[PDB]
Amino acid sequence: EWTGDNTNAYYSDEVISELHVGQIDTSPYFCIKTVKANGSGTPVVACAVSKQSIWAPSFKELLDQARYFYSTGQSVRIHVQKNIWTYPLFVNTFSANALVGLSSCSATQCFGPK
Amino acid sequence: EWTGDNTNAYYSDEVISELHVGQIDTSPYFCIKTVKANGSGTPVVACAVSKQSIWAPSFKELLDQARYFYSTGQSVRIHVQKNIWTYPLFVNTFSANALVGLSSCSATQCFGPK
Amino acid sequence: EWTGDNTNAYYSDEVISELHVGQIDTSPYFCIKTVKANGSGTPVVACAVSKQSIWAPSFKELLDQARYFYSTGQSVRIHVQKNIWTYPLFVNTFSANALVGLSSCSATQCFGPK
Amino acid sequence: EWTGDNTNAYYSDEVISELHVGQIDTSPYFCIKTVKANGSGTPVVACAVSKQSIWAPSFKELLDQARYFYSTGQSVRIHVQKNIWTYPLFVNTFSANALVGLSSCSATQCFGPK
Amino acid sequence: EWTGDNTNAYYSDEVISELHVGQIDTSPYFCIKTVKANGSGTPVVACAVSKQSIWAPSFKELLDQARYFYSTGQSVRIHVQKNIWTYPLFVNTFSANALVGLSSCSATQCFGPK
Ligand SMILES: CC(=O)N[C@@H]1[C@@H](O)[C@H](O[C@@H]2O[C@H](CO)[C@H](O)[C@H](O[C@]3(C(=O)O)C[C@H](O)[C@@H](NC(C)=O)[C@H]([C@H](O)[C@H](O)COC(C)=O)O3)[C@H]2O)[C@@H](CO)O[C@H]1O
Ligand SMILES: CC(=O)N[C@@H]1[C@@H](O)[C@H](O[C@@H]2O[C@H](CO)[C@H](O)[C@H](O[C@]3(C(=O)O)C[C@H](O)[C@@H](NC(C)=O)[C@H]([C@H](O)[C@H](O)COC(C)=O)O3)[C@H]2O)[C@@H](CO)O[C@H]1O
Ligand SMILES: CC(=O)N[C@@H]1[C@@H](O)[C@H](O[C@@H]2O[C@H](CO)[C@H](O)[C@H](O[C@]3(C(=O)O)C[C@H](O)[C@@H](NC(C)=O)[C@H]([C@H](O)[C@H](O)COC(C)=O)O3)[C@H]2O)[C@@H](CO)O[C@H]1O
Ligand SMILES: CC(=O)N[C@@H]1[C@@H](O)[C@H](O[C@@H]2O[C@H](CO)[C@H](O)[C@H](O[C@]3(C(=O)O)C[C@H](O)[C@@H](NC(C)=O)[C@H]([C@H](O)[C@H](O)COC(C)=O)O3)[C@H]2O)[C@@H](CO)O[C@H]1O
Ligand SMILES: CC(=O)N[C@@H]1[C@@H](O)[C@H](O[C@@H]2O[C@H](CO)[C@H](O)[C@H](O[C@]3(C(=O)O)C[C@H](O)[C@@H](NC(C)=O)[C@H]([C@H](O)[C@H](O)COC(C)=O)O3)[C@H]2O)[C@@H](CO)O[C@H]1O
């Protein structure tokens with residue numbers, strides 16, 4: 001598997017606006033919120049939980065890269081795979097998206113799979 | 001278990017104002033204090049111990065997040081599980097609360113379980 | 001093997017312009033895009049992939065160093081080994097270049113092999 | 001054992017003046033120096049040594065926390081256990097104080113065992 | 001062995017001018033160049049190789065301490081042991097000096113072995 005599989009969803013020109021970290025089922029997890037840098041669209045919520053999903057190996061690098069991007073506030077493309085999380089109250093608070101990639105976006109192009 | 005369980009407590013629009021690191025019983029641990037962004041209400045102290053309680057496997061993420069929210073001074077929702085730590089002079093100095101989550105807060109809302 | 005083997009290629013006076021982090025084939029990975037400080041020449045793309053290639057041991061060090069040199073926008077020499085990644089989609093989204101070294105530069109020389 | 005044990009000694013309103021990193025008999029170590037924020041008293045020196053003494057599990061948590069309080073220069077409470085390091089030249093260079101905790105100090109009381 | 005053995009060599013009031021990360025013989029390594037803050041004297045180049053020499057255990061501590069001092073630009077004392085590294089293409093580019101510790105320096109004194 002790869003972040004750039006067309007079986008994943010991505011969203012260009014996003015700013016990570018909120019950040020949460022917590023625990024579920026003996027696993028640490030974090031979620032981010034992103035909103036469009038130009039005020040449009042609707043927000044995207046994605047999580048990563050450290051020992052679940054096929055994306056578990058990525059957890060610490062994702063979290064670290066989320067934390068960095070969140071602090072600079074730059075334009076980023078956000079990559080997810082839908083319909084991964086299953087605890088109903090959890091997906092209610094956040095969503096069922098699994099974070100799978102982050103790409104910095106210039107004003108013209110983004111630096112990730114497309 | 002889950003950070004967002006209803007058996008836990010949360011306190012919104014807090015800002016982390018104190019941070020302390022030590023060791024207890026061969027265990028790294030940290031403690032934070034939080035005060036209302038407006039300065040009213042009663043402070044919240046919560047603690048994480050790296051080898052103890054169901055919440056140990058998230059020790060370092062929570063430390064890393066508590067540190068980041070500590071430096072920015074931003075307003076956050078802090079989540080605890082009360083009546084966890086039992087060494088009475090530890091508890092007297094700090095709390096019986098286990099830290100189990102940290103969410104960023106917008107002025108709108110906070111990005112965490114309710 | 002060594003970063004400064006003549007079987008490797010390097011590009012001085014570059015600026016890490018873009019950063020992407022993702023997961024491929026159970027490995028967390030990152031790529032960078034470096035531009036000549038002025039606008040000259042063609043960009044170079046280079047990836048490091050946890051647990052993959054002979055350069056795997058250096059993954060975390062090159063990821064932290066890249067994060068730094070990218071936060072500063074300072075001049076660097078970037079060292080690569082060509083034709084390492086073989087997945088044609090990944091190679092077309094990025095490059096086959098394995099990142100193998102990163103050097104700061106002053107106004108005259110860069111601090112690394114050449 | 002605990003940072004807060006009355007058999008341990010501590011110092012309020014310190015600022016981490018210096019920071020040093022080295023190795024001694026197999027172990028990475030670091031030493032800090034603190035002086036009172038008002039100029040009073042005499043400097044405190046404290047060291048932590050990896051894989052050595054009962055405080056060894058805290059080495060990296062304590063180093064990260066020492067680095068951070070160093071970078072900010074904020075007022076802190078340093079907790080130590082005295083007479084731990086015996087290496088005569090090392091102690092004459094720094095001290096035999098083993099670093100057992102770090103506490104933030106704000107307008108009101110220092111956040112830690114008192 | 002100890003950073004401050006008089007069989008080692010040190011230079012005070014230096015600034016970390018350049019940083020390089022790379023890999024050699026399956027081992028991440030890094031090197032630094034230091035110049036007198038007053039401009040006097042000749043640079044010192046020192047390196048740490050994560051798998052080799054008796055200073056291996058402190059590889060990561062020194063890496064983290066070098067990166068911090070390099071980012072503040074503050075004056076330091078660098079300690080090295082001469083004539084450690086043997087591979088001539090490596091020593092010709094950098095040095096045979098192994099990095100063995102780092103101290104922060106006042107305008108009057110350095111906090112470390114003399
Ligand atoms: C000139 C003009 O008027 N352009 C606007 C645009 O606002 C908008 O185009 C956006 O910018 C780029 C190209 O113009 C990108 O292609 C965007 O396309 C994607 C993206 O984010 O990269 C493609 C991606 O596959 C889509 N993701 C999914 C799951 O379908 C997303 C997504 O559809 C949007 O970002 C919306 O996301 C949310 C949650 O709101 O877009 C593109 O957004 C263009 C859109 O058609 O409308 C023009 O008017
Ligand atoms: C197409 C199809 O329907 N195939 C079916 C599956 O629907 C079916 O579903 C799985 O059954 C398992 C047996 O209980 C599990 O319950 C699966 O859900 C869990 C899991 O254990 O893996 C339940 C668990 O509570 C979840 N944890 C959290 C924090 O939410 C996990 C977790 O969500 C996932 O591990 C991570 O996300 C994913 C999707 O990877 O999901 C359940 O899906 C299964 C047999 O019952 O196989 C086919 O028969
Ligand atoms: C009077 C008495 O000891 N009764 C106990 C039961 O309570 C006991 O479960 C224990 O509760 C104790 C206090 O009532 C201690 O918490 C026990 O051990 C420690 C531990 O080391 O694990 C002691 C230690 O002081 C505690 N650390 C701190 C910072 O307070 C820890 C820590 O609190 C643990 O995480 C427990 O907290 C929770 C809710 O998980 O507990 C603890 O075992 C039971 C078996 O011990 O039967 C009686 O002996
Ligand atoms: C005699 C005197 O000091 N008079 C006043 C004091 O009111 C006050 O002195 C210090 O004020 C601090 C509060 O900000 C602390 O209360 C000091 O108590 C401690 C401390 O640092 O917490 C208590 C601690 O137990 C002591 N540690 C040890 C090993 O004994 C330390 C220590 O004695 C001092 O920090 C000095 O140590 C060194 C190396 O310098 O003190 C309290 O003493 C302060 C208010 O203005 O100054 C005087 O005016
Ligand atoms: C006011 C002004 O313009 N300049 C002064 C200088 O006089 C001063 O020079 C330094 O003064 C220091 C404190 O007095 C030390 O004496 C320095 O000597 C050492 C050192 O770095 O610690 C002593 C040390 O033992 C020597 N190391 C070895 C292996 O011999 C080194 C070494 O010789 C030098 O660093 C030169 O090395 C190279 C390759 O360049 O010197 C002394 O340098 C100045 C700081 O340089 O700051 C002002 O106070």
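Below, chain A is the first sequence line, B the second, and so on; all start at residue 1. Below, each value reflects all heavy atoms present in this structure, side chains not excepted, and no hydrogens, waters or symmetry copies.
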- Query: Looking at CH2 of A:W55 and OG1 of C:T26, how far apart are the two atoms once the value is rounded to the nearest 0.5 Å?
  - Reply: 11.0 Å
- Query: In residues 66-88 of chain A, which residues are in contact with chain C at a heavy-atom separation under 4.5 Å?
  - Reply: A:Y68, A:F69, A:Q74, A:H79
- Message: With a 4.5 angstrom heavy-atom cut-off, is it the side chain or the backbone of A:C105 that approaches chain C, or both, or neither?
- Response: backbone
- Does some side-chain heavy atom of C:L63 sit less than 4.5 Å from a side-chain heavy atom of A:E61? yes
- Item | Geometric class of the C:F94/A:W2 ring pair [parallel <30°, tilted 30-60°, perpendicular >60°] | perpendicular
- Query: Between C:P28 and A:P57, which heavy-atom pair has the shortest distance, and what is it?
  - Reply: CG-O, 3.6 Å
- When only pairs under 4.5 Å are counted, which of A:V100, A:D5, A:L62, A:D64 shares the most heavy-atom pairs with chain C? A:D64
What donor-acceptor contacts under 3.5 angstrom involve side-chain atoms of residues 16-23 of chain C, with partners at least two apart or in another chain?
{"from": "C:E18", "atom 1": "OE1", "to": "A:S104", "atom 2": "OG", "distance (Å)": "2.5"}
{"from": "C:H20", "atom 1": "ND1", "to": "A:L102", "atom 2": "O", "distance (Å)": "3.2"}
{"from": "C:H20", "atom 1": "ND1", "to": "A:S103", "atom 2": "OG", "distance (Å)": "2.9"}
{"from": "C:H20", "atom 1": "NE2", "to": "C:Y29", "atom 2": "OH", "distance (Å)": "2.8"}
{"from": "C:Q23", "atom 1": "OE1", "to": "A:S58", "atom 2": "OG", "distance (Å)": "2.8"}
{"from": "C:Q23", "atom 1": "NE2", "to": "A:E1", "atom 2": "OE2", "distance (Å)": "2.8"}
{"from": "C:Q23", "atom 1": "NE2", "to": "A:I54", "atom 2": "O", "distance (Å)": "3.1"}

- Is the number of heavy atoms from other residues, nucleotides or ligands within 6.0 Å of NZ (A:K36) greater than 12? yes
- Query: Would you say the side chain of A:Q109 lies within less than 4.5 Å of the side chain of C:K33, judging by non-hydrogen atoms?
  - Reply: yes
- Task: Taking atom NZ of C:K114 as the centre, report whether more than 12 heavy atoms of other residues, nucleotides or ligands fall under 6.0 Å from it.
- Result: no
